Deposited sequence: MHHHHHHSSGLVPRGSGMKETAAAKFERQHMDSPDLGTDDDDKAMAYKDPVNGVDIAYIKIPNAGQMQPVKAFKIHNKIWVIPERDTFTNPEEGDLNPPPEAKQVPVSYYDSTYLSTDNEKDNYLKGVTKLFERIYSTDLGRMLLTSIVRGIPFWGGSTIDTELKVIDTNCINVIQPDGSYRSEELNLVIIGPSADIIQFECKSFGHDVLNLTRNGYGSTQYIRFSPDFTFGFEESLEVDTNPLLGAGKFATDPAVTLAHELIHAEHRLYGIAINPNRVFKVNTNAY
């Protein structure tokens, strides 16, 4: 697929995210069953993150990077879509990656939305509204969305829309996941005068986010706030 390919309402379409209040439809590409790519900065899935400006108080991390123009033109969006698709193919080219992607596709968020135990019902926040050629829309279930970063362009992560208040990612049900990611940047690390300066392969970074996504789709993730201390052997 190319960014400029015409919509069909099936695998290329303008979509809206449920609960993403008054959003203008954004162009999205279904690169595989249950998995969509949205070449836009994520100003949608965090109600507290509706713009691309640096935060009032600086984030306490080793490095962050802001540029409200990144991922704003068609050319950049084409390159983002092509880069993400290429990383998927690279993951899929390994036995382990083919296994992980199959597990993701099978990992449909549970239909736990009924308040009556004799009926099975979808949880409608595990869906996107897909605009059709005629202007109508269809609510469609999906497992995973790959979306551009929010204000901090090099901040990658796997998240639910908003926060997982119903504990769907930790109760066996699972919910639709959004991976904020960019294939256009990568972190460096030192390894081995003779310390080589290397760069992380972005297929590994994507795989890490895909692993979080499968934990969260199978409802077996551990709360990210659950942190513990490991003391050193002091000397």
| item | value |
| --- | --- |
| Deposited positions lacking CA coordinates | 1 to 44, 237 to 244 |
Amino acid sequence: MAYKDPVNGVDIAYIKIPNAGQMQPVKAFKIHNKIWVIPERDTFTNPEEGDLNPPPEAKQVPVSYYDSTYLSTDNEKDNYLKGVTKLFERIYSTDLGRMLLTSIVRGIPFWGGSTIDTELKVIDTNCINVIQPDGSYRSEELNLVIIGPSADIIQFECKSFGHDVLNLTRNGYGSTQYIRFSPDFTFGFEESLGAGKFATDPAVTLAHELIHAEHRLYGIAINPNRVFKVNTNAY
From here on, numbers count along this sequence of modelled residues.
| property | result |
| --- | --- |
| 98 to 106 or 68 to 76, whichever carries the higher mean Cα B-factor | 68 to 76 |
| Mean C-alpha B-factor comparison - 54 to 62 and 178 to 186, higher one | 54 to 62 |
| Highest recorded Cα temperature factor - choice among 197, 170, 34, 27 | 197 |
| Candidate residues 193, 204, 210, 38, the one whose C-alpha B factor the record puts highest | 193 |
| Assigned third (lowest, middle, highest) for the C-alpha B factor of residue 216 | lowest |
| CA B-factor placement of residue 93, once the chain's modelled residues are sorted into thirds | highest |
| Residue 140 by Cα B-factor - lowest, middle or highest third of the modelled chain | lowest |
| Third of the chain's Cα B-factor distribution that residue 149 belongs to, per the entry | middle |
| Ranked against its chain, the third holding the CA B-factor of residue 165 | highest |
